[PDB]
Structures are given as structure tokens and as C-alpha cells.
Amino acid sequence: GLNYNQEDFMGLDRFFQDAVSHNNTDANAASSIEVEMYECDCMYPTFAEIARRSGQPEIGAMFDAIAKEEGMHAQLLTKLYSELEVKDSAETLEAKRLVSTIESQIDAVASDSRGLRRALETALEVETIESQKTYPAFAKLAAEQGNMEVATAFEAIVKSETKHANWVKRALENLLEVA
Ligand SMILES: [Fe+3]
Ligand SMILES: [Fe+3]
Ligand SMILES: [Fe+3]
């Protein structure tokens, strides 16, 4: 039938952006670079600011540390595809617009305890999808195509995103435990 669910507070869930799947590993690298750099330079810095403005500077520092590692993921792929020209898709542009909306309301976002909770839950959502679904599938196709260096790179990114997921889960557990 019709099956309606409330959208998340402040639309914070729409910060998650999903790399697009293609037949060709060059194109999956391009899509991954695009999302990795978006997370490095837009999504995670915004989450870090939400955390700091919420009075949670340790969680802010974790998002800053994750942001740097997303940029490492992008730079590993860029090294392997030195000539690729990466442009932001409509969906990335729309995410960056949403980022700027949140930044303009950052005090209201942070003063409600949902701001940081939903930022950590969206970070967990992307780290989960990337580590368990997207990047394993990119690794598998690269290997099928005989591109061992790129398959090995995606395998390393899988392990790194898995670590991020674990950092985010521990942070969420600590945010939610008062004492
Ligand atoms: Fe990522
Ligand atoms: Fe990444
Ligand atoms: Fe990550």
C-alpha cells in the first residue's frame, strides 16, 4: 500500500551519499573519489562542527580524524587513475547544498540533542553501506577484470571503512551513556 515513515530530524540522513555502480572499474573509482572527497571536505567537517557546538569535542576530533582518512581513500584511487577528471554529480551538488543549509542553522542543530545523534547515525549508515556493500562489490569487480592493484586498493578501503564504523559505534555508545 502507501507506507509512510517520518524523515529524520533536520534531514540529516540525506548527508549519506552512495557511490554509483558501473560496469567499468575506472568509473567506480571516479564515483568513489567523488564521494570520498565529499565526505572528507564537506560531510565529516560538518559533523565535527555539530559535535563541537554540542559540547562534545572528543567526538568532533573523531570526525576530523575520519575526514582525513576519507581523503586518503580518494588519494589512493587518484594515484591509480592519475588522469581521471572527477566532477560532482547532481546528487553530490544537492548534498553540498544541504550541508550549507545545516551550517547556516548550526546552533539550532547542535542545541538539540538529536543533531549529534543523527549525525553519528548517518555516519554509521554510510560506513556500514560502504564497508559491507559498496566497496566489497567494487573490489570484486576489479579483481574479475584483472585489475589487481585496484582490487587491492578497494580491499584496503573496505578495512578502513570497517574501522570507521567501529569508531562511530563506540562513539554513539559513549554519547548515549550519561553518568
Ligand atoms: Fe567513505
Ligand atoms: Fe572512504
Ligand atoms: Fe569512512
# chains A, B, ... in the order shown; residues from 1 in each chain; ligands from 1
call {"tool": "closest_atom_pairs", "arguments": {"of": "chain A", "to": "ligand 2", "cutoff": "9 Å", "atoms": "only C-alpha atoms and all ligand atoms", "output": "Markdown table"}}
result
| residue | atom | partner | partner_atom_place_in_ligand_line | distance |
| --- | --- | --- | --- | --- |
| A:32 | CA | ligand 2 | 1 (Fe) | 7.9 |
| A:33 | CA | ligand 2 | 1 (Fe) | 8.5 |
| A:35 | CA | ligand 2 | 1 (Fe) | 7.7 |
| A:36 | CA | ligand 2 | 1 (Fe) | 4.9 |
| A:37 | CA | ligand 2 | 1 (Fe) | 8.3 |
| A:39 | CA | ligand 2 | 1 (Fe) | 7.5 |
| A:40 | CA | ligand 2 | 1 (Fe) | 8.1 |
| A:66 | CA | ligand 2 | 1 (Fe) | 8.5 |
| A:67 | CA | ligand 2 | 1 (Fe) | 8.4 |
| A:69 | CA | ligand 2 | 1 (Fe) | 6.8 |
| A:70 | CA | ligand 2 | 1 (Fe) | 4.0 |
| A:71 | CA | ligand 2 | 1 (Fe) | 7.2 |
| A:72 | CA | ligand 2 | 1 (Fe) | 7.7 |
| A:73 | CA | ligand 2 | 1 (Fe) | 5.2 |
| A:74 | CA | ligand 2 | 1 (Fe) | 7.1 |
| A:127 | CA | ligand 2 | 1 (Fe) | 7.9 |
| A:130 | CA | ligand 2 | 1 (Fe) | 7.7 |
| A:131 | CA | ligand 2 | 1 (Fe) | 8.8 |
| A:157 | CA | ligand 2 | 1 (Fe) | 6.4 |
| A:158 | CA | ligand 2 | 1 (Fe) | 8.3 |
| A:160 | CA | ligand 2 | 1 (Fe) | 7.4 |
| A:161 | CA | ligand 2 | 1 (Fe) | 6.0 |
| A:164 | CA | ligand 2 | 1 (Fe) | 8.9 |
call {"tool": "residues_around", "arguments": {"residues": "segment 144-151 of chain A", "least_positions_apart": "3", "cutoff": "9 Å", "atoms": "only C-alpha atoms", "output": "PyMOL selection string"}}
result
chain A and resi 24-25+29+77+80+138-141+154-156
call {"tool": "write_last_selection", "arguments": {"atoms": "N, CA and C atoms", "output": "PDB file, in the first residue's frame"}}
result
ATOM      1  N   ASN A  24      32.525  -0.515 -15.410  1.00  0.00           N
ATOM      2  CA  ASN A  24      33.917  -0.326 -15.580  1.00  0.00           C
ATOM      3  C   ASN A  24      34.545   0.179 -14.314  1.00  0.00           C
ATOM      4  N   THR A  25      35.645  -0.448 -13.894  1.00  0.00           N
ATOM      5  CA  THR A  25      36.314  -0.103 -12.621  1.00  0.00           C
ATOM      6  C   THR A  25      36.849   1.307 -12.617  1.00  0.00           C
ATOM      7  N   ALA A  29      35.968   3.849  -9.586  1.00  0.00           N
ATOM      8  CA  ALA A  29      36.971   4.679  -8.940  1.00  0.00           C
ATOM      9  C   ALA A  29      36.559   6.098  -8.981  1.00  0.00           C
ATOM     10  N   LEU A  77      43.015   6.123  -4.758  1.00  0.00           N
ATOM     11  CA  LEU A  77      42.420   5.874  -6.055  1.00  0.00           C
ATOM     12  C   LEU A  77      42.915   6.847  -7.074  1.00  0.00           C
ATOM     13  N   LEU A  80      46.050   5.741  -8.624  1.00  0.00           N
ATOM     14  CA  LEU A  80      45.919   4.648  -9.528  1.00  0.00           C
ATOM     15  C   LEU A  80      45.322   5.067 -10.846  1.00  0.00           C
ATOM     16  N   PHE A 138      32.929  -3.266  -5.503  1.00  0.00           N
ATOM     17  CA  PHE A 138      33.917  -2.657  -6.366  1.00  0.00           C
ATOM     18  C   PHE A 138      35.188  -3.483  -6.371  1.00  0.00           C
ATOM     19  N   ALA A 139      35.625  -3.998  -5.243  1.00  0.00           N
ATOM     20  CA  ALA A 139      36.809  -4.851  -5.128  1.00  0.00           C
ATOM     21  C   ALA A 139      36.622  -6.131  -5.957  1.00  0.00           C
ATOM     22  N   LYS A 140      35.445  -6.726  -5.873  1.00  0.00           N
ATOM     23  CA  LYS A 140      35.172  -7.975  -6.557  1.00  0.00           C
ATOM     24  C   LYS A 140      35.224  -7.743  -8.058  1.00  0.00           C
ATOM     25  N   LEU A 141      34.608  -6.688  -8.560  1.00  0.00           N
ATOM     26  CA  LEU A 141      34.621  -6.441  -9.986  1.00  0.00           C
ATOM     27  C   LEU A 141      36.015  -6.098 -10.479  1.00  0.00           C
ATOM     28  N   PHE A 154      40.803  -1.249  -3.155  1.00  0.00           N
ATOM     29  CA  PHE A 154      39.438  -1.315  -2.618  1.00  0.00           C
ATOM     30  C   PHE A 154      39.415  -2.233  -1.421  1.00  0.00           C
ATOM     31  N   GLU A 155      40.139  -3.317  -1.362  1.00  0.00           N
ATOM     32  CA  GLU A 155      40.169  -4.136  -0.195  1.00  0.00           C
ATOM     33  C   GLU A 155      40.708  -3.381   1.014  1.00  0.00           C
ATOM     34  N   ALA A 156      41.711  -2.559   0.832  1.00  0.00           N
ATOM     35  CA  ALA A 156      42.230  -1.731   1.924  1.00  0.00           C
ATOM     36  C   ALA A 156      41.208  -0.710   2.325  1.00  0.00           C
TER      37      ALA A 156
END
call {"tool": "select_by_dssp", "arguments": {"residues": "segment 10-170 of chain A", "states": "alpha helix (DSSP H)", "output": "number ranges by chain"}}
result
A: 25-38, 44-53, 57-80, 90-104, 106-111, 113-129, 135-144, 148-170
call {"tool": "closest_residue", "arguments": {"among": "A:8, A:121, A:85, A:18", "to": "ligand 1", "atoms": "only C-alpha atoms and all ligand atoms"}}
result
A:18
call {"tool": "closest_residue", "arguments": {"among": "A:142, A:93, A:168, A:30", "to": "residue 61 of chain A", "atoms": "only C-alpha atoms"}}
result
A:168
call {"tool": "atom_distance", "arguments": {"atom1": "atom CA of residue 88 of chain A", "atom2": "atom CA of residue 19 of chain A"}}
result
11.4 Å
call {"tool": "closest_residue", "arguments": {"among": "A:102, A:57, A:108, A:129", "to": "residue 171 of chain A", "atoms": "only C-alpha atoms"}}
result
A:57
call {"tool": "residues_around", "arguments": {"residues": "residue 111 of chain A", "least_positions_apart": "5", "cutoff": "9 Å", "atoms": "only C-alpha atoms", "output": "list in words"}}
result
residues 53, 54 and 106 of chain A
call {"tool": "atom_distance", "arguments": {"atom1": "atom CA of residue 34 of chain A", "atom2": "atom CA of residue 86 of chain A"}}
result
6.3 Å
call {"tool": "atom_distance", "arguments": {"atom1": "atom CA of residue 43 of chain A", "atom2": "atom CA of residue 105 of chain A"}}
result
15.1 Å
call {"tool": "closest_residue", "arguments": {"among": "A:89, A:152, A:31, A:21", "to": "ligand 1", "atoms": "only C-alpha atoms and all ligand atoms"}}
result
A:31
call {"tool": "closest_residue", "arguments": {"among": "A:117, A:96, A:68, A:87", "to": "ligand 1", "atoms": "only C-alpha atoms and all ligand atoms"}}
result
A:68
call {"tool": "decode", "arguments": {"residues": "segment 25-73 of chain A", "atoms": "N, CA and C atoms", "output": "PDB file, in the first residue's frame"}}
result
ATOM      1  N   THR A  25      35.645  -0.448 -13.894  1.00  0.00           N
ATOM      2  CA  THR A  25      36.314  -0.103 -12.621  1.00  0.00           C
ATOM      3  C   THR A  25      36.849   1.307 -12.617  1.00  0.00           C
ATOM      4  N   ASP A  26      37.258   1.900 -13.717  1.00  0.00           N
ATOM      5  CA  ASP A  26      37.648   3.290 -13.786  1.00  0.00           C
ATOM      6  C   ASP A  26      36.524   4.177 -13.303  1.00  0.00           C
ATOM      7  N   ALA A  27      35.325   3.907 -13.781  1.00  0.00           N
ATOM      8  CA  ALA A  27      34.160   4.669 -13.426  1.00  0.00           C
ATOM      9  C   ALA A  27      33.772   4.446 -11.951  1.00  0.00           C
ATOM     10  N   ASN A  28      33.905   3.231 -11.467  1.00  0.00           N
ATOM     11  CA  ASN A  28      33.681   3.028  -9.999  1.00  0.00           C
ATOM     12  C   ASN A  28      34.722   3.773  -9.224  1.00  0.00           C
ATOM     13  N   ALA A  29      35.968   3.849  -9.586  1.00  0.00           N
ATOM     14  CA  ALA A  29      36.971   4.679  -8.940  1.00  0.00           C
ATOM     15  C   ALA A  29      36.559   6.098  -8.981  1.00  0.00           C
ATOM     16  N   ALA A  30      36.118   6.637 -10.106  1.00  0.00           N
ATOM     17  CA  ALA A  30      35.702   8.001 -10.199  1.00  0.00           C
ATOM     18  C   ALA A  30      34.578   8.330  -9.244  1.00  0.00           C
ATOM     19  N   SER A  31      33.613   7.461  -9.149  1.00  0.00           N
ATOM     20  CA  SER A  31      32.476   7.652  -8.262  1.00  0.00           C
ATOM     21  C   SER A  31      32.911   7.593  -6.794  1.00  0.00           C
ATOM     22  N   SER A  32      33.786   6.674  -6.493  1.00  0.00           N
ATOM     23  CA  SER A  32      34.315   6.600  -5.158  1.00  0.00           C
ATOM     24  C   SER A  32      35.103   7.827  -4.812  1.00  0.00           C
ATOM     25  N   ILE A  33      35.987   8.310  -5.677  1.00  0.00           N
ATOM     26  CA  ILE A  33      36.745   9.530  -5.402  1.00  0.00           C
ATOM     27  C   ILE A  33      35.814  10.696  -5.051  1.00  0.00           C
ATOM     28  N   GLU A  34      34.753  10.811  -5.861  1.00  0.00           N
ATOM     29  CA  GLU A  34      33.781  11.878  -5.688  1.00  0.00           C
ATOM     30  C   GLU A  34      33.168  11.828  -4.274  1.00  0.00           C
ATOM     31  N   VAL A  35      32.686  10.667  -3.894  1.00  0.00           N
ATOM     32  CA  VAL A  35      32.051  10.533  -2.563  1.00  0.00           C
ATOM     33  C   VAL A  35      33.082  10.668  -1.472  1.00  0.00           C
ATOM     34  N   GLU A  36      34.259  10.078  -1.597  1.00  0.00           N
ATOM     35  CA  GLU A  36      35.289  10.162  -0.572  1.00  0.00           C
ATOM     36  C   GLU A  36      35.663  11.589  -0.308  1.00  0.00           C
ATOM     37  N   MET A  37      35.860  12.387  -1.350  1.00  0.00           N
ATOM     38  CA  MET A  37      36.221  13.798  -1.189  1.00  0.00           C
ATOM     39  C   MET A  37      35.085  14.598  -0.621  1.00  0.00           C
ATOM     40  N   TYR A  38      33.847  14.290  -1.010  1.00  0.00           N
ATOM     41  CA  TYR A  38      32.683  14.920  -0.359  1.00  0.00           C
ATOM     42  C   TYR A  38      32.659  14.641   1.136  1.00  0.00           C
ATOM     43  N   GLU A  39      32.964  13.392   1.511  1.00  0.00           N
ATOM     44  CA  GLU A  39      32.950  13.073   2.955  1.00  0.00           C
ATOM     45  C   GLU A  39      34.109  13.783   3.642  1.00  0.00           C
ATOM     46  N   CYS A  40      35.282  13.809   3.026  1.00  0.00           N
ATOM     47  CA  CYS A  40      36.486  14.430   3.584  1.00  0.00           C
ATOM     48  C   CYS A  40      36.300  15.957   3.789  1.00  0.00           C
ATOM     49  N   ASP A  41      35.785  16.643   2.770  1.00  0.00           N
ATOM     50  CA  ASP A  41      35.821  18.084   2.810  1.00  0.00           C
ATOM     51  C   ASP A  41      34.469  18.724   3.174  1.00  0.00           C
ATOM     52  N   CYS A  42      33.369  17.967   3.194  1.00  0.00           N
ATOM     53  CA  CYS A  42      32.054  18.535   3.481  1.00  0.00           C
ATOM     54  C   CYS A  42      31.336  17.785   4.595  1.00  0.00           C
ATOM     55  N   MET A  43      31.062  16.496   4.432  1.00  0.00           N
ATOM     56  CA  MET A  43      30.188  15.799   5.367  1.00  0.00           C
ATOM     57  C   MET A  43      30.852  15.715   6.755  1.00  0.00           C
ATOM     58  N   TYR A  44      32.041  15.132   6.854  1.00  0.00           N
ATOM     59  CA  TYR A  44      32.633  14.920   8.160  1.00  0.00           C
ATOM     60  C   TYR A  44      33.011  16.233   8.845  1.00  0.00           C
ATOM     61  N   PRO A  45      33.530  17.232   8.148  1.00  0.00           N
ATOM     62  CA  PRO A  45      33.785  18.507   8.858  1.00  0.00           C
ATOM     63  C   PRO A  45      32.511  19.089   9.423  1.00  0.00           C
ATOM     64  N   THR A  46      31.387  18.972   8.729  1.00  0.00           N
ATOM     65  CA  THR A  46      30.128  19.460   9.272  1.00  0.00           C
ATOM     66  C   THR A  46      29.709  18.695  10.525  1.00  0.00           C
ATOM     67  N   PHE A  47      29.830  17.369  10.471  1.00  0.00           N
ATOM     68  CA  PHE A  47      29.554  16.561  11.650  1.00  0.00           C
ATOM     69  C   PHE A  47      30.481  16.936  12.804  1.00  0.00           C
ATOM     70  N   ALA A  48      31.746  17.227  12.531  1.00  0.00           N
ATOM     71  CA  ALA A  48      32.681  17.611  13.569  1.00  0.00           C
ATOM     72  C   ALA A  48      32.203  18.923  14.235  1.00  0.00           C
ATOM     73  N   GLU A  49      31.764  19.855  13.408  1.00  0.00           N
ATOM     74  CA  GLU A  49      31.275  21.128  13.946  1.00  0.00           C
ATOM     75  C   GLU A  49      30.022  20.910  14.801  1.00  0.00           C
ATOM     76  N   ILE A  50      29.112  20.074  14.317  1.00  0.00           N
ATOM     77  CA  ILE A  50      27.930  19.753  15.124  1.00  0.00           C
ATOM     78  C   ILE A  50      28.393  19.228  16.468  1.00  0.00           C
ATOM     79  N   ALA A  51      29.373  18.328  16.499  1.00  0.00           N
ATOM     80  CA  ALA A  51      29.853  17.735  17.732  1.00  0.00           C
ATOM     81  C   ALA A  51      30.468  18.794  18.645  1.00  0.00           C
ATOM     82  N   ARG A  52      31.303  19.655  18.102  1.00  0.00           N
ATOM     83  CA  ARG A  52      31.943  20.661  18.936  1.00  0.00           C
ATOM     84  C   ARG A  52      30.861  21.578  19.519  1.00  0.00           C
ATOM     85  N   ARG A  53      29.928  22.077  18.718  1.00  0.00           N
ATOM     86  CA  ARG A  53      28.895  23.009  19.141  1.00  0.00           C
ATOM     87  C   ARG A  53      27.927  22.373  20.102  1.00  0.00           C
ATOM     88  N   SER A  54      27.859  21.058  20.117  1.00  0.00           N
ATOM     89  CA  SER A  54      27.134  20.267  21.064  1.00  0.00           C
ATOM     90  C   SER A  54      27.866  20.044  22.374  1.00  0.00           C
ATOM     91  N   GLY A  55      29.079  20.547  22.526  1.00  0.00           N
ATOM     92  CA  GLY A  55      29.788  20.240  23.746  1.00  0.00           C
ATOM     93  C   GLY A  55      30.471  18.927  23.793  1.00  0.00           C
ATOM     94  N   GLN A  56      30.810  18.354  22.622  1.00  0.00           N
ATOM     95  CA  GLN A  56      31.349  17.004  22.526  1.00  0.00           C
ATOM     96  C   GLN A  56      32.665  17.048  21.760  1.00  0.00           C
ATOM     97  N   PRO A  57      33.714  17.697  22.255  1.00  0.00           N
ATOM     98  CA  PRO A  57      34.869  17.923  21.415  1.00  0.00           C
ATOM     99  C   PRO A  57      35.595  16.652  21.121  1.00  0.00           C
ATOM    100  N   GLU A  58      35.579  15.619  21.929  1.00  0.00           N
ATOM    101  CA  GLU A  58      36.225  14.368  21.640  1.00  0.00           C
ATOM    102  C   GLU A  58      35.594  13.688  20.416  1.00  0.00           C
ATOM    103  N   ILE A  59      34.278  13.683  20.318  1.00  0.00           N
ATOM    104  CA  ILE A  59      33.590  13.155  19.136  1.00  0.00           C
ATOM    105  C   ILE A  59      33.894  14.057  17.956  1.00  0.00           C
ATOM    106  N   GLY A  60      34.021  15.363  18.100  1.00  0.00           N
ATOM    107  CA  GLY A  60      34.408  16.225  16.990  1.00  0.00           C
ATOM    108  C   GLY A  60      35.777  15.825  16.441  1.00  0.00           C
ATOM    109  N   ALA A  61      36.696  15.511  17.324  1.00  0.00           N
ATOM    110  CA  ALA A  61      38.047  15.146  16.950  1.00  0.00           C
ATOM    111  C   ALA A  61      37.989  13.808  16.196  1.00  0.00           C
ATOM    112  N   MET A  62      37.143  12.892  16.573  1.00  0.00           N
ATOM    113  CA  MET A  62      36.994  11.635  15.833  1.00  0.00           C
ATOM    114  C   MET A  62      36.470  11.926  14.437  1.00  0.00           C
ATOM    115  N   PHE A  63      35.494  12.777  14.236  1.00  0.00           N
ATOM    116  CA  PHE A  63      35.061  13.077  12.893  1.00  0.00           C
ATOM    117  C   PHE A  63      36.140  13.765  12.119  1.00  0.00           C
ATOM    118  N   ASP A  64      36.949  14.626  12.697  1.00  0.00           N
ATOM    119  CA  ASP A  64      38.071  15.223  11.965  1.00  0.00           C
ATOM    120  C   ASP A  64      39.065  14.141  11.520  1.00  0.00           C
ATOM    121  N   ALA A  65      39.342  13.158  12.362  1.00  0.00           N
ATOM    122  CA  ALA A  65      40.280  12.114  12.054  1.00  0.00           C
ATOM    123  C   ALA A  65      39.749  11.220  10.920  1.00  0.00           C
ATOM    124  N   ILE A  66      38.469  10.889  10.950  1.00  0.00           N
ATOM    125  CA  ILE A  66      37.829  10.109   9.900  1.00  0.00           C
ATOM    126  C   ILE A  66      37.890  10.930   8.643  1.00  0.00           C
ATOM    127  N   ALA A  67      37.573  12.197   8.632  1.00  0.00           N
ATOM    128  CA  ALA A  67      37.610  13.002   7.415  1.00  0.00           C
ATOM    129  C   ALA A  67      38.953  12.889   6.750  1.00  0.00           C
ATOM    130  N   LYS A  68      40.067  12.972   7.466  1.00  0.00           N
ATOM    131  CA  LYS A  68      41.361  12.861   6.869  1.00  0.00           C
ATOM    132  C   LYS A  68      41.521  11.517   6.198  1.00  0.00           C
ATOM    133  N   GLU A  69      41.083  10.437   6.802  1.00  0.00           N
ATOM    134  CA  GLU A  69      41.184   9.123   6.222  1.00  0.00           C
ATOM    135  C   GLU A  69      40.301   8.971   5.000  1.00  0.00           C
ATOM    136  N   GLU A  70      39.161   9.596   4.898  1.00  0.00           N
ATOM    137  CA  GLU A  70      38.401   9.566   3.638  1.00  0.00           C
ATOM    138  C   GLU A  70      39.213  10.216   2.551  1.00  0.00           C
ATOM    139  N   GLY A  71      39.878  11.306   2.818  1.00  0.00           N
ATOM    140  CA  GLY A  71      40.748  11.904   1.800  1.00  0.00           C
ATOM    141  C   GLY A  71      41.885  10.952   1.430  1.00  0.00           C
ATOM    142  N   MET A  72      42.446  10.175   2.337  1.00  0.00           N
ATOM    143  CA  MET A  72      43.424   9.161   1.953  1.00  0.00           C
ATOM    144  C   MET A  72      42.819   8.152   0.989  1.00  0.00           C
ATOM    145  N   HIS A  73      41.603   7.718   1.207  1.00  0.00           N
ATOM    146  CA  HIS A  73      40.991   6.785   0.289  1.00  0.00           C
ATOM    147  C   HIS A  73      40.910   7.390  -1.127  1.00  0.00           C
TER     148      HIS A  73
END
